[PDB]
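> Build the 3D model from these lines:
(7 chains, ligands or ions: 10)
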Amino acid sequence: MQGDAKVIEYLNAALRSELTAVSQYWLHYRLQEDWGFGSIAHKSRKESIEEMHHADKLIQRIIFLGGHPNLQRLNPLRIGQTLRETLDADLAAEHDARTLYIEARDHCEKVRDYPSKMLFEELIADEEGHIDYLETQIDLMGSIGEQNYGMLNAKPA
Amino acid sequence: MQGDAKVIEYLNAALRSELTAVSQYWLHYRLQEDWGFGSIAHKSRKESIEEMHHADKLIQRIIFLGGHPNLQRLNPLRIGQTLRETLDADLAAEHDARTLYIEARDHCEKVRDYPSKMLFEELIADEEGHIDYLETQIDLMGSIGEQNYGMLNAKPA
Amino acid sequence: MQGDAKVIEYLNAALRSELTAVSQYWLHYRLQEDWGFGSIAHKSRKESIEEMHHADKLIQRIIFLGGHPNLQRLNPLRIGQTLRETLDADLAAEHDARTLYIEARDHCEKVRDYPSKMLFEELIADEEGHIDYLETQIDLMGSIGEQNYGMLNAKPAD
Amino acid sequence: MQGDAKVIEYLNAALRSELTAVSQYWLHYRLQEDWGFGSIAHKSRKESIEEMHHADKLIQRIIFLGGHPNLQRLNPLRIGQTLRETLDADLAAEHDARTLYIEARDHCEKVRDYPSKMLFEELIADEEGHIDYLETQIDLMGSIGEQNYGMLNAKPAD
Amino acid sequence: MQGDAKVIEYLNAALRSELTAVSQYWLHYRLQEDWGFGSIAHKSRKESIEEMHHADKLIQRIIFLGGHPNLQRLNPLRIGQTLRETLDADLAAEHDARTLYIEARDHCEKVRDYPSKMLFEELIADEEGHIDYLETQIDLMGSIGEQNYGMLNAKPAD
Amino acid sequence: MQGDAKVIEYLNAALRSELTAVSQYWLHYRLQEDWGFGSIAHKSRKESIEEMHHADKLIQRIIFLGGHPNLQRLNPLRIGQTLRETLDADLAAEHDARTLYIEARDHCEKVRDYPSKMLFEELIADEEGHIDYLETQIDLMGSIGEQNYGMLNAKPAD
Amino acid sequence: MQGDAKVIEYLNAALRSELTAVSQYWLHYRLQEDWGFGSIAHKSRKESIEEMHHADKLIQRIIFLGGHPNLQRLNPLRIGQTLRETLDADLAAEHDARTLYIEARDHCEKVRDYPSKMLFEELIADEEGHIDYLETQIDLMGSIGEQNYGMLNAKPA
Ligand code: HEM
Ligand code: HEM
Ligand code: HEM
Ligand SMILES: [Fe+3]
Ligand SMILES: [Fe+3]
Ligand SMILES: [Fe+3]
Ligand SMILES: [Fe+3]
Ligand SMILES: [Fe+3]
Ligand SMILES: [Fe+3]
Ligand SMILES: [Fe+3]
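Residues are numbered from 1 along each chain as shown, chains lettered A, B, ... in the order given. Ligands and ions are numbered 1, 2, ... in the order given. Have a look at this structure:
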């Protein structure tokens, strides 16, 4: 069924966002494990699959509203060089992503597209959940220090 | 059955004490886990539920003696800002709490209310048990140091 | 995640509201048992634990918004002595809570803090189903007598 | 091991008041049951059995102490003539023994017979459990009418 | 159902002699055990419990008959001072009650109270089982020396 | 938890008392087996391990009171050579212990150190049940002969 | 059966040695766990029970040779104040103990009491096993350092 011409645009921008978040944590998963931190790299992995199901949902919904999901392009990817940079790249991502999901959110009701609104309500809560978790790591880290952090976050033969 | 007008007062003061200890470790459970120390925050949690069953018992006993359990007010809550302050706030609490349970204890026999006395005997042993455990943490801590302590006490993705 | 300073005072209020509720539900639990009404007593035990999870959910979130929770105080408790007074009493508490919850949800909707909004909206349903329930006991009290209602909810001497 | 002369008879008045308890309780069981009130009849029965166990512990302790248990005569029993009277009559038997037990509990403190001392401190808590129970059964009875309580404690096809 | 006045007291002397039995037996259990003779102490205990059951049946029957059980006082008990004396003293308690039971068993025949009649004809066979038992334990004792019998009935690490 | 310096010397004494007991019980274990009395031997093995837990419970607590335990020494051991001398011997040790335990509990009651008090009170029951037991073997020795008692507790050549 | 009057003396001296080793590691088990190092305190415990079965064997054997096991006295107990002192007190013990079991060993054959010799062969191998393990700890320790050591060796709520 024909859907708000703008809700779709918003849903595409969103999709460009998760798809970015996907390649970015996936790429982080593989850097952290190769650095010796396979336990945060196990998380970085599940966070990527989580974003995977996010885009899946978004594409589902667009096609519903008779739109065309632009998968073709990503936004600018951030890649840390150090554990801490990895947790910032994610934090700064989840923040941008957020600001957007609300502004898109605040639009779906105006056009009275409510299920598409509570798919932003879902995402917002997810992201914020993800924000919660990132913050704690960076508190944890800059409390016990960046090496213990890594030890705590690695594994031995 | 009508009970010593004072044993009741004592039992209420006690109740005001556990109920304080409940909100204080519960609140600590949620601060420590958000700081990255979910493993001491798992203990802080069970210690709170332990105090939960304590108040439950106290209320049971008052109502027995035909008294009126004042749940309405708590004492002054202590909240650490740092792992160590968290383990002191608890220690100083368990100490006060103790001094009291004995003085109340020493009163139940005089008025010859013995089961109410051996409910202070229970609590005293509990608290002291809890004192035992706190002390060890603060020895452990100020031996291997405050960061290892936290690492030992946290968890990774 | 630096939260809106006004959102936090609303959640802090809901906290003091729920903590209050924990206590007043838990007291009626213990009075009812001792009076005899095993059953309704067992139900108030559980509705207290209900709140126990809500008080917690509030602390969780407040802390995440960078706020500082306040368990240091609670509101005026309504403790009945008859059985109907227990039900009247709980009702009034729920109504109060819901009036607060509806208001806090609107503040959040207006700061565009949506997850707090969905907490208060999931909070409202909670209290409202509670309400539905209580209004049924009192509904049933009117019908079968303020006395057969006690026996229904009384456990036998097992 | 030779006990304090007086401890070895506090034990024997506890034995006395326990055997009467046993008889009394068991009579009510058999009464409350012929009357129609099976459930409370059954509680009445469990409680006889718990005194059976007290009696035993007392007999045991005495013999360890080199004293001679006196199961010969038992106190005057109170037998109810209605359901309401049964609980009453059982509440006084209890109030007595609890009073007895304390007075003995501290004789033991004085002669330094701390395990006897503990026995009694334990026996108190069990007679207290029973009182809290009988009281509460009176509150309930009192409030849901002494006629419905009657029926809450019956059976039909059992 | 209103019983024959006399049947409703034969039942009550059987009740009497049964409760004494119970006490007596149980005392020997606790004695025979502090002495070292655990096994016979344990038989002594099972048998207390079987009288517990007789007492009950008697109490039941009386109440059906509209009579008032009299658990108030019990017969003079015979307490042994040696293992040999315990069995002796238990053998007379038995010879008595068996004698009592028959005399009552045919009162019942005469008033036509055939189920009471049967009760007693049953109680006989159970006191007979016990006699045959105590006798036989005397034969044995008598023959393998009253010192070995002692030990055949003991335990070591139990 | 800075403990009363006098409480600690009492627990230190109980420690030396129990450590002593461990050893003397464990020696009778090994002598009895070698003499033949498998059973009573197996029992002394276990009563030694009993103490093993008490010696431990003392160390635990002392350390918690901020004290310094002393395992460096023990008291004069009583080692019998006959089987009755083993039983006599253990008795005397228990009596000694209990006299110490009763005294230490009173010191604690008076410093208002209640958990140490409840340790010594739970310690007294321990030794007293032990006593009960030993006085039964010797009780049974008097009865069946100082010789059949050995055979009872002897294991056969399996 | 009557046994070498000296093998017995040696076996008693030995017994005085294990019994010393028993109270010493048991006492160490309880100090280390109260300091926050319950995982080395779990070992210190099993090492004590191991020595328990050692004395048990020794007493068995003496009584066999128609001797009288002197349980009455212990040697001078060592008690560390710090994890490291705990691992030295044990090391110095196991060393003394050793020197002795050989000298006793070297005597059982001369008097041609061979099973009593291969009970010293057992003990020697045990002790040396125990020596092996202590050494490794003190290498491990004075390599990663005394705090990591303790962290590695403790546990959290
Ligand atoms: C009068 C005060 C309270 C009493 C008497 C009480 C009592 C209890 C009891 C008895 C249980 C578990 C039953 C069992 O398994 O044995 C329980 C569970 C629980 N309590 Fe409370 N409680 C009190 C207040 C609180 C507070 C202030 C909180 C925190 C806001 C809280 C949070 C919880 C939670 C979350 C559980 C379930 C376990 C879980 O899901 O984590 N309670 N309580
Ligand atoms: C002399 C004092 C008495 C003592 C020490 C005593 C002891 C006991 C004990 C120990 C049990 C079961 C405990 C177990 O299973 O370990 C029991 C059950 C029973 N009691 Fe007694 N009793 C006494 C007197 C009585 C009396 C007066 C009655 C009333 C008729 C009675 C009737 C029964 C019956 C019928 C049972 C079997 C119930 C069952 O366990 O299924 N007893 N008693
Ligand atoms: C002659 C001296 C001792 C001997 C021969 C001895 C022997 C034994 C043996 C053989 C076992 C376990 C049986 C098995 O499962 O294989 C044991 C267990 C035990 N031992 Fe001893 N022991 C002695 C002294 C001590 C001391 C001084 C303590 C500490 C105070 C102690 C504390 C324990 C404890 C607590 C257990 C049971 C496990 C536990 O609950 O932690 N023992 N002993
Ligand atoms: Fe997302
Ligand atoms: Fe507590
Ligand atoms: Fe709620
Ligand atoms: Fe009782
Ligand atoms: Fe019979
Ligand atoms: Fe002991
Ligand atoms: Fe060794």
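
> Mind telling me what element residue A:58 is part of?
If you go by DSSP states H and E, residue A:58 is part of helix A:40-64.

> in terms of contact count, name the helices or strands touching the helix or strand following that helix.
Downstream of helix A:40-64, the first helix or strand assigned by DSSP H and E is helix A:83-108. With contacts taken as 3 or more Cβ pairs under 8 Å, 6 or more residues apart in numbering or on different chains; DSSP states H and E, helix A:83-108 sits against helix A:5-34, helix A:40-64, helix A:114-117, helix A:120-144, helix A:146-152. Using the backbone N, CA and C atoms, a C-beta is placed for each residue, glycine as well.

> Isn't residue A:135 up against residue C:65?
No: counting by Cβ atoms under 8 Å, residue A:135 stays clear of residue C:65, with 11.1 Å between them.

> got any residues that touch both of those two?
residue C:1 (Cβ atoms under 8 Å, 6 or more residues apart in numbering or on different chains).

> residues near the closest residue to ligand 3 within chain A, how many?
Relative to ligand 3, the nearest point of chain A is residue A:156 (30.8 Å; Cβ to the nearest ligand atom). By the criterion of other Cβ atoms under 10 Å in any protein chain shown, residue A:156 has 5 neighbours.

> what's the closest non-adjacent residue to the most centrally placed residue in chain A?
Taking Cα atoms, centre = their mean, the centroid of chain A lies closest to residue A:21, which sits 4.4 Å from it. Sequence neighbours aside, residue A:51 is the residue nearest to residue A:21 in space, at 4.6 Å (criterion: Cβ to Cβ, 6 or more residues apart in numbering or on different chains).

> Verify the contact between the residue nearest to the centre of chain A and residue A:93 for me.
Yes: between residue A:21 and residue A:93 there is a contact under Cβ under 8 Å: 5.8 Å.

> what's near enough to touch the residue nearest to residue A:10 when sequence neighbours are not counted?
Once flanking residues are discounted, residue A:10 sits nearest to residue A:104: 3.9 Å by Cβ to Cβ, 6+ apart. Residue A:104 sits next to A:7, A:10, A:11, A:13, A:14, A:120 when contact means Cβ under 8 Å, 6+ apart.

> again, 7 Å this time
Residue A:104 sits next to A:10, A:14, A:120 when contact means Cβ atoms under 7 Å, 6 or more residues apart in numbering or on different chains.

> Look at the closest residue to residue A:26 other than its chain neighbours and say how many residues are nearby.
Spatial nearest neighbour of residue A:26, excluding adjacent residues (Cβ to Cβ, 6+ apart): residue A:48 at 4.4 Å. If you count neighbours by other Cβ under 10 Å, residue A:48 ends up with 18.

> next one: the one 4 residues further on
Around residue A:52 there are 16 other residues, counting by other Cβ under 10 Å.

> If you drop the residues flanking it in sequence, what lies closest to it?
Once flanking residues are discounted, residue A:52 sits nearest to residue A:22: 5.7 Å by Cβ to Cβ, 6+ apart.

> Can you name the residue of chain A nearest to chain E?
Ranking the residues of chain A by distance to chain E (Cβ to the nearest Cβ) places residue A:156 first, at 50.5 Å.

> so that residue sits in a strand?
No: per DSSP: H, G, I helix; E, B strand; the rest coil, residue A:156 lies outside any strand segment and is coil.

> Contacts only, for it.
Listed by Cβ under 7 Å, 6+ apart, residue A:156 has no contact partners.

> Pop out the phi and psi values for it.
Residue A:156 adopts backbone torsions of phi -100, psi 150, taken as degrees, to the nearest 10.

> Look up how far ligand 8 lies from it.
The gap separating residue A:156 from ligand 8 is 75 Å, by Cβ to the ion, to the nearest Å.

> Likewise for residue A:130?
Per Cβ to the ion, residue A:130 is found 78 Å from ligand 8.

> Could you report the neighbour count for that residue?
Applying other Cβ under 10 Å, we find 21 residues neighbouring residue A:130.

> pretty sure it contacts residue A:95?
No: with contacts counted by Cβ atoms under 7 Å, residue A:130 stays clear of residue A:95, the gap being 10.2 Å.

> Neighbours of the closest residue to residue A:38 other than its chain neighbours, how many?
Nearest residue to residue A:38, sequence neighbours excluded (Cβ to Cβ, 6+ apart): residue A:155, at 5.2 Å. Applying other Cβ under 10 Å, we find 13 residues neighbouring residue A:155.

> residues in contact with the residue nearest to residue A:21?
Per Cβ under 7 Å, 6+ apart, neighbours of residue A:51: A:18, A:21, A:22, A:25.

> Surely the third one touches residue A:50?
No: using Cβ under 7 Å, residue A:22 is not in contact with residue A:50; the gap is 9.2 Å.

> Comparing those two, which residue is more hemmed in?
A direct count of neighbours by other Cβ under 10 Å for residue A:22 and residue A:50 places residue A:22 higher, at 19 against 16.

> What are the neighbouring residues in contact with that one?
A:48, A:51, A:52, A:55.
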